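Just so it is clear, the values below take in all heavy atoms, side chains as well, and ignore hydrogens, waters and symmetry mates. Chain naming here is simple, since letters A, B, ... match the order of the sequence lines and numbering starts at 1 in each.
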Amino acid sequence: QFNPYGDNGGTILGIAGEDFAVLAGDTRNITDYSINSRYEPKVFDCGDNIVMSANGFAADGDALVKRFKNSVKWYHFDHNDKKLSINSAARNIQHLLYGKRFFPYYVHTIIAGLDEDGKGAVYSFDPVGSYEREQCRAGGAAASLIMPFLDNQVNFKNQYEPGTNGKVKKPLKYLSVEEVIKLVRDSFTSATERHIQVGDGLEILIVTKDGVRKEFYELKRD
Amino acid sequence: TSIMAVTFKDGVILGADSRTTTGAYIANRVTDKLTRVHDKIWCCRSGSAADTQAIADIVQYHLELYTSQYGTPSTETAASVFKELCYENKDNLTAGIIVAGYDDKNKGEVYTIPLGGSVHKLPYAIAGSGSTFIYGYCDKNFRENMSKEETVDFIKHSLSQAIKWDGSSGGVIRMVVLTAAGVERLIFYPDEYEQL
Amino acid sequence: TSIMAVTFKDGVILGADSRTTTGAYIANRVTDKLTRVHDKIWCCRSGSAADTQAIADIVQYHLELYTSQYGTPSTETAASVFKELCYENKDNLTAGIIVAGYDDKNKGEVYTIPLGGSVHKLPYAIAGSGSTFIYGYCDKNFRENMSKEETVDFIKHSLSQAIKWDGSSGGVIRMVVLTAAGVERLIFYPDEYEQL
Amino acid sequence: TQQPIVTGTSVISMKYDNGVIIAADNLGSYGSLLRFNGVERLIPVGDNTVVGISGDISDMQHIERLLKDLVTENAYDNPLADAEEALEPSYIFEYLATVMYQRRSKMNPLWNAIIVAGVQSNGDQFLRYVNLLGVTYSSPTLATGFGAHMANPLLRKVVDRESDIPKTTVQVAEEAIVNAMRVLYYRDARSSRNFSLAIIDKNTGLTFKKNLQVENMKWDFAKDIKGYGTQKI
Amino acid sequence: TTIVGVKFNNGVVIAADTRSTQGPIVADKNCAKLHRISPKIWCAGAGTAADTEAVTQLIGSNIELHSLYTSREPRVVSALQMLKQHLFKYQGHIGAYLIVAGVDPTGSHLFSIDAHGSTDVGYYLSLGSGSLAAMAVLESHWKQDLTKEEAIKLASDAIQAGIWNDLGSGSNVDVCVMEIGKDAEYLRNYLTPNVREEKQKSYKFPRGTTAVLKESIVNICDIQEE
Amino acid sequence: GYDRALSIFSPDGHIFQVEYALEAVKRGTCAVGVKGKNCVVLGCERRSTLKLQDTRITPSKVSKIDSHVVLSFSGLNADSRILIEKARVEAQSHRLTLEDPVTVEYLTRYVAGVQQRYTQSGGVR
Amino acid sequence: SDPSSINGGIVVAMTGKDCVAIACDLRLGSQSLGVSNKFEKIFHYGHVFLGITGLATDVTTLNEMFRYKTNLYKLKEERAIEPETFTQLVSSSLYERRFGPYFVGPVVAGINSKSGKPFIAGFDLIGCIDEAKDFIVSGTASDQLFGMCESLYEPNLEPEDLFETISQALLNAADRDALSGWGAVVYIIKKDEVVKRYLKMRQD
Amino acid sequence: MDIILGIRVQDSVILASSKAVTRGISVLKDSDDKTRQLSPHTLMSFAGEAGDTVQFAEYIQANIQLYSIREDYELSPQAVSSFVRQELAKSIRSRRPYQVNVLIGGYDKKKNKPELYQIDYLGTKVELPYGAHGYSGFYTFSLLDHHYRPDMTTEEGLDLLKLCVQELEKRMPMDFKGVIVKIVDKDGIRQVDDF
Amino acid sequence: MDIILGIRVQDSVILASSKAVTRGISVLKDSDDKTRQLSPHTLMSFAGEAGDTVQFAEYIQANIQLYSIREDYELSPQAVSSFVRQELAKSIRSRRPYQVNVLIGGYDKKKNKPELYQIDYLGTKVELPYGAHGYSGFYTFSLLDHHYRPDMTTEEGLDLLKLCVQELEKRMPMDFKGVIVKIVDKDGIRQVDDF
Amino acid sequence: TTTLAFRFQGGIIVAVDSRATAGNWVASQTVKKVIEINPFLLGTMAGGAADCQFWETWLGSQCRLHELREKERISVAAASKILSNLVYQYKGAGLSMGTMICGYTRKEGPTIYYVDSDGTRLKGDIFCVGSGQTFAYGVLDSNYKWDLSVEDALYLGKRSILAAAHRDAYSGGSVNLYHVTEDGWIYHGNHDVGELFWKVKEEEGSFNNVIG
Ligand SMILES: [Mg+2]
Ligand SMILES: [Mg+2]
Ligand SMILES: [Mg+2]
């Protein structure tokens, strides 16, 4: 019997800062125990200061990104070159996903950018289109390895102030872009050590008011 | 089924056994598996008898309508029409067909169309359940540009062995010779080919 | 597997390919499928490698203990011991074995033991997945009382064709000659037998 | 939904300093039966692209007809059909990738794995993969089926990352490809000795080599191997 | 898992990677897959890790008793026979896939063993999920009459191919060399090409960060005198 | 297993092993039973050759088989424990299957049956 | 249906400078239903500590089995069993049930009384030994624990620093697992003193 | 069978068990007592597969009664619960396991404390202030989590139990025909005949 | 849903239907009215698969109300029952059939006679003195076979109905939370608010 | 998941947890399970997250079109029926929903409709849906009165979700409260269950089984 779905591995991570947002992902593509590519880009600049990644089954992932990029193009045509805001993009992606409710895109989608007040924004989607604005979201193979670490080091969960013994929480102080990138790199380095589908390389797309910047880092190739 | 087609110096010859089975019961012991789709384009049928009879009837219709408009079709064209039906309806068909024909420009040609609906042009072809047992024999004994008498012997000996080992194959050996001279039918009985 | 054993004027010769597969992967390309259960009683193995290696080891043990008590066993006796193991454990085994041996009283003998565990004494035998493609060739080319050189050629040509058509078969052609003179091992490489 | 009947095995490929190389054997298998021995599975499109196909042969012949039709169609009302508006490797791949994903989305796939190898207008090397699921990816080396498991490890020793491509000559690359084809013949039960090889170079164009054979094989060591454990004779 | 065995001039060498998995998760990054059956008979195991270890220790134990009973140094063919018969009896349910190598008074030997009980002989062998990557290297660089240095090089290169190309294999290369008339030399972590880079940040917490409900001393000592 | 016939007939029709078992009973401390109109009393002798005995923990001569039946004995002390254990198990088994405690006669018939069995079984005294 | 995730729970162990730490959650459940918040999963036989995750009936059975065996060991050997030796006993005992196994994930932690060397080890349900230098994880949130330990851990931590590291590893892993939590315990083990600390955590 | 509840208060353990027995289509009985006295100060209620429940309970009862006669001593609730757990842990890897879940309520005369043990058919034992088997806990635990105090009287325990049964009668689809309630304290075991 | 009963007496038809709605584990409602008035002198009760019951009943109601307005005339109970049967007989060979069983109680003003029709989801229609769907008839028909008379008053019909409900409450395993009872006679449809 | 809604003197209280799981893995602790259909109507999320999100914001669009066409606020009866009729069309295809449509109009007063993906549409006073529904029902049934104050009703809804969050493994994270009046709904904050549990334990004296 023909199986229309597959699993290409991969792990992605989106974090929203005070006036910035990062969307990171490993560059390794796999089937079963084989490596297809050590560098296959998975996070994409979609225009209008929006970055996107659709992780899981790569064929569906490429199809969805392609259709969203197309949606941005036609939004400009139909609405006098108006900038597609991150919240409007998110609602639009819900409809692209739910349109195939009974034959779904087998992917976990994350988009990142800035909201209309210039503050960092990340949105997260399930395969059939349910979505949420979030501060912090890992997706894909090693999501379960990364999220608990982020709860602890970004949101300071289970951390209290010394001397008070559980009475006063550690205050939630804002993180810089340099600080966030450190946590992203350590997240993927740790995931690479313990998950066989994570490795080769890490590509990070950073979004500010100035635009979209890229950073690349080597990961272990075993 | 044991079917084959072999090109030779003067053209091409098709060969077949005459056994049709329903399980272990021989539903017809004198079947004609060599089928005419055009004057000098014939085919050998293997697989489901319903399917291959339905396909051959449609091809004969297509080539009759081709002839009325564009004149005599090539063997390649006949093979293409067979392929189109076999490829596009692969989910619903169980058919293995060998197409053989004689042109004056191209002379003798053989095309085999297996289950999937692919086409393969070959100097000779074998098919059917009985063909498995004569891959060795045919590969060792086939030569290009044989005479009519040599090719008749090659097919007679080959199908003799296929019949001997395959329970699904048997009866008489039928043959059809395609040359410039015309169309000749041959038949060989058990008492002849069993003693070879 | 492509395996065979052929009796001739001076005794018997066993032949085999050297390919062992796990699906489409060739797990061993230089396998020795010709196995010694007694000085001049050997066998060809086909089917599950675990099963046929386990059976051959038990038979070798049985014939070693037979020899210590009753002297050299006959080829018929060796075939019987193989049969007993294959028949009584038919539910749990996947083994197709050809037994070949040389006595001075009986000379060259060949016994084939298919899946069910039946025994069949024959002038020659073929087995393995590749044997299907050479039933025609072997039946047409086998003669009784051939010479050593003729029998080597018959096996070389036969297994060449089996290898050519069966993807599960390949590598080198190994042979073991059993006569009054002793035991001789032969090997033939691809560059030799592919051009036949 | 179907099942593949007549099938072709591995296609292997890699990039080098001035272009790309691709290779595939000439066999059409019918299960374990090695049925058809003269099947060409590398199909050139113009003088800048070679498409290598594995899997179902009936579907391969269909794709071959689509590519032939694509060349015809591109020439229609196109004065620059043999110049600026000729078919690029990237155009040919994207078209095939579209077809493959559409067919899997109707639950009626073309049962193939495809590698498109070529050189673009600006001299850039093109090498990308697509299969029956519509999955696509690129890499300095690409291989299908068994090739993915056995050829890639050998080819990756020559070009391990992007920066190794300018350091790799056409002689070193072809040598690596030919050795990989030998290894596949040793170890893949659905392979043949006969194969085709194509080189697409930005300077010397398309070189298509037919009727190549696996040579320099090691078999002599087989004579010393006896039994499966304890046997000495 | 990637494991190989290579014959050379005066002996045999075996090698293995050091990654053990539970699905897609790496359980141990520096696993020991080279097992000792006897001082100069070593084997490497792929498949169910408990089985390869258990079957090696059982046969190793019985080999030691046999060696004491017969006053002879153990033979590789004895380990092979005992391993295959044990595995055949259990009809493949004991999931052990082994490459058995060693030196004894008869000479140097190299065998492989499948879980169902079948054995084979060779000059070079590979097993595990990375066996195809390893065998590609072996089929490309193996020749007759290899030296000790050449065989170690070829064996580790074959494991590296598994490490870099097979997701089931990774981390380090372990090697064991068994030469005729010498002690077997076990080279644990012969290659270490996968050390983790320094992290960007220290995650040492301030003391008192964790909220505590109760503290108590645990009595690990036995009942006291007086 | 040890199958030797230890209890056998002699020419005069006596089974000596059974008769010698009675001699062991003759040696044991005296036990007495008396039933009144609405009670039964069991009296037992304790030999005073053993002082410095701890009477709290020393096995008592009368044993409860169930809450309504008691058993006393004369003879080998170790042997009596085996009969007492078997009787206690049978008492609970009877309650489990019949849903009624044993009658005194039934419990007696069981213990007596065990004793008889050990007079014509091989390998036992 | 899957026996290893009916009851839920986790165990983690770590090494430090002249010390070891072992910790576990306190939940026992029947799938979605939380049944007990006092189900401790760490036991000790002399100075050797054993954590066990998985099917709770087997957790209890194996504790009773190893108490049985280590008591007989002590009577015959006239000394307490060591971590290295006990590790082999756990492995042997699990493998004897090869084709009808206990559905558990044991973890051993302790300091050798003669060499002073810190020791930890982990097992699969059928006896395979994982003897890591750094840390061992087990249970329904083992993925989460691997993620925490791999980033938070550094070698040669002092006892009171190791406490903070292992506590934060457990807590944050448990909060990303539905079947773990409902309280937690941490053992800090030195050569001749062991401190036990109950942690305050969310009760959902 | 269906609903069995338990609550341990200051000085006693209270067990409540449904009265219905249903053979598929019909309710064959509405006065069934799903409990057995193991010893004067230990009571066990049970629920699970038909036949196996009573067979297991009576088997345990026989064994504890045998121990009591042999030693002239009542085992502690903890000791009885351990014996029962081992029997079920043995049973789960048998040819045909006992499909039986139990609650054991006992008053320990040595420690002068009530004790409640919950054991399922796998041999999973926990000591609890209050417990249940099946779906009973899904309806009642939120009420017990709110109102329970360790210093409750027996009368307050019965009142909290009434609130639990009322919630069961409201939201459960099955008619379990009320409950039989029994109290275990220092004076032994008694049945509340009006509930 | 669960229990629906009907009885035709001298001068009226009485329909009784359970109040419970159960979503698997919990009873979500205990006051549900499983009936629709099709016309002033025709009432239909229903039971079957969730959603489909109300969807079918309201669809029928809309159609009969449409007919009433178009013709300014009330269809006879026989005519309404035939229309309903055809809809269900059509439905059973559809892509997704209505899984709904109904009772139709009506008073024919032309013949001055009460009429009760029983129709299952297949479109199987019968006119009866008394009827039911599901397992309801298994418990109640032996009582109705004994006590029923064609000349019964409405009060005697209600009393016989009470005896039926009491037997259901005794022997049925499910708690159906009582019944809503409605009477259909020459004056129309009314609900008995104390039952 | 645990979601509830109940009618009382002061309108409707809606209370939900915040946890989403994929098997044993906790995907999110910050899920918004109350869908703000419009300023006057609320819907709860249980079953399929997407099915509930998608079709209830769609419902908001249909309600907006209704009031544009009819120049009048849509009734809760009409709004709930648009949704139930829609999902009934899809019956068999595999939609998963269990939701409470909540509103307060002039003609109806406070109204709650339970709407289900099998087509069920039930009007009622108290509804509770999800894996922890049984736990929340217990607290609700024993403390519910029509004459509850807005303050006490808000607490009752908060306390009932806490009960479910404690016992049900697949419920937790935080509690979201809403109060629906005739002039629209009013949000009453996000309450972390971790902090809320200890606060309620101390102040109320409940959860004596838990050590704090
Ligand atoms: Mg690797
Ligand atoms: Mg025949
Ligand atoms: Mg919870």
Side-chain angles (χ1 to χ4, degrees), chain I residues 1-4 17-37 44-63 65 87-88 90-102 121 174-180 191, chain J residues 1-7 44 46-47 77-78 80-100 111-141 144 160 164 167-168 170:
Chain I
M1 315 96 169
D2 221 356
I3 168 265
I4 51 163
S17 311
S18 47
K19 287 192 269 184
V21 180
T22 307
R23 254 48 263 283
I25 186 165
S26 295
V27 181
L28 294 193
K29 204 177 178 181
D30 57 26
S31 63
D32 182 55
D33 191 0
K34 297 158 186 52
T35 215
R36 293 301 150 117
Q37 178 173 133
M44 190 175 75
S45 63
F46 46 85
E49 203 196 341
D52 293 290
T53 47
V54 174
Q55 283 286 158
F56 178 78
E58 289 180 1
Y59 167 77
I60 295 301
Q61 186 178 49
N63 275 99
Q65 285 176 5
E87 290 298 306
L88 289 165
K90 167 207 273 74
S91 175
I92 198 59
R93 287 164 199 277
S94 293
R95 190 183 58 81
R96 198 185 65 78
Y98 282 109
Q99 230 100 114
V100 188
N101 304 301
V102 300
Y121 75 107
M174 291 286 199
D175 189 2
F176 57 85
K177 305 290 178 178
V179 293
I180 284 166
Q191 190 181 145
Chain J
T1 301
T2 311
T3 63
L4 78 281
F6 65 88
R7 266 159 35 84
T44 53
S80 68
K81 202 155 197 184
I82 287 164
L83 182 60
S84 69
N85 286 160
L86 184 280
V87 301
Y88 186 71
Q89 284 192 255
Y90 283 93
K91 185 161 180 163
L95 290 184
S96 182
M97 303 200 334
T99 186
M100 278 81 73
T111 313
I112 302 164
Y113 280 91
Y114 169 80
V115 177
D116 195 297
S117 52
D118 340 5
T120 306
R121 178 169 164 275
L122 291 170
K123 194 166 81 173
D125 300 323
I126 305 163
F127 286 113
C128 220
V129 183
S131 53
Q133 69 183 43
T134 57
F135 303 106
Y137 267 128
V139 180
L140 248 27
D141 289 336
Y144 173 79
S160 298
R167 283 285 183 171
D168 178 32
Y170 303 110

side-chain contact (heavy atoms from CB on, under 4.5 Å) between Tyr137(J) and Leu28(I), intermediate numbers included
CA-CA 10 Å; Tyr137(J) 267 128; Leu28(I) 294 193; 3.3 Å; yes

Q. Quick one: does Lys29(I)'s side chain have a donor or acceptor within less than 3.5 Å of a partner on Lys123(J)'s backbone?
A.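 Side chain of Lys29(I) to backbone of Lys123(J): a pair is present.
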
Would you please test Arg23(I) and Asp118(J) for salt bridge (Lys or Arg N to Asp or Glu O under 4.0 Å) and show each step?
-> CA-CA 11 Å; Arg23(I) 254 48 263 283; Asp118(J) 340 5; 3.2 Å; yes

>> Taking the side chain as everything from C-beta on, heavy atoms only, tell me whether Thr120(J) gets closer than 4.5 Å to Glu49(I).
In response: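 Counting from C-beta outward, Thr120(J) and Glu49(I) never come under 4.5 Å.
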
Within-4.5 Å side-chain heavy-atom neighbours: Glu58(I) and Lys81(J):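 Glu58(I) reaches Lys81(J) side chain to side chain.
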
Straight-line distance of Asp125(J) CG to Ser31(I) OG, nearest 0.5 Å: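 Between atom CG of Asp125(J) and atom OG of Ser31(I) there are 7.5 Å.
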
Which distance, rounded to the nearest 0.5 Å, do you find between the CD of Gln133(J) and the CD1 of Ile25(I)?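 Here the rounded value is 6.5 Å.
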
Q.
Do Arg96(I) and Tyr88(J) form a cation-pi contact, if we require the NZ or CZ to be under 6.0 Å from the six-membered ring centre and within 45 degrees of the ring's axis?
A.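 Yes - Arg96(I) lies over the ring of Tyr88(J), closer than 6.0 Å to its centre and within 45° of its axis.
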
Query raised in the report: For atom OH of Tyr121(I), is the number of surrounding heavy atoms from other residues, nucleotides or ligands below 6.0 Å larger than 12?
Result: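 Counting neighbours around OH of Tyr121(I), 12 or fewer heavy atoms of other residues, nucleotides or ligands fall under 6.0 Å, so no.
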
More than 12 heavy atoms of other residues, nucleotides or ligands under 6.0 Å from OH of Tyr144(J): is that the case?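 Enclosed.
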
Measure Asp32(I) against the heavy atoms of chain J and call it side chain, backbone, both or neither at under 4.5 Å.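 Only the side chain of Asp32(I) comes within 4.5 Å of chain J.
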
